[PDB]
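*Asks:* The structure is given below, and queries will be raised subsequently.
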Amino acid sequence: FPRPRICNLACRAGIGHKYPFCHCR
């Protein structure tokens, strides 16, 4: 699965835990 561009932003802002599809840091 390709890494969604949003997931990148999410990780940076640390809103990963906020975005289900981008459950990053």
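Here Swiss-Prot sets the residue numbers for chain A, with the shown residues being 40-64 in order.
Just so you know, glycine gets a Cβ as well, placed from its N, Cα and C.
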*Asks:* With reference to Swiss-Prot, specify which of the listed residues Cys46, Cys50 is paired with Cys61 by a disulfide.
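*Replies:* Its disulfide partner, as Swiss-Prot records it, is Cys46.
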*Asks:* Look at each of the recorded positions, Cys46, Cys50, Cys61, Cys63, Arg64, and point out the one with the fewest other Cβ atoms around it within 10 Å.
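*Replies:* Selected from the recorded positions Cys46, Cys50, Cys61, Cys63, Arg64 on minimum Cβ neighbours within 10 Å: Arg64.
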*Asks:* Sorry to bug you, but what's the C-alpha spacing from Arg64 (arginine amide) to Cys50 (disulfide bond), rounded to the closest Å?
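*Replies:* Each residue's Cα considered, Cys50 (disulfide bond) and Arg64 (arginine amide) end up 5 Å apart.
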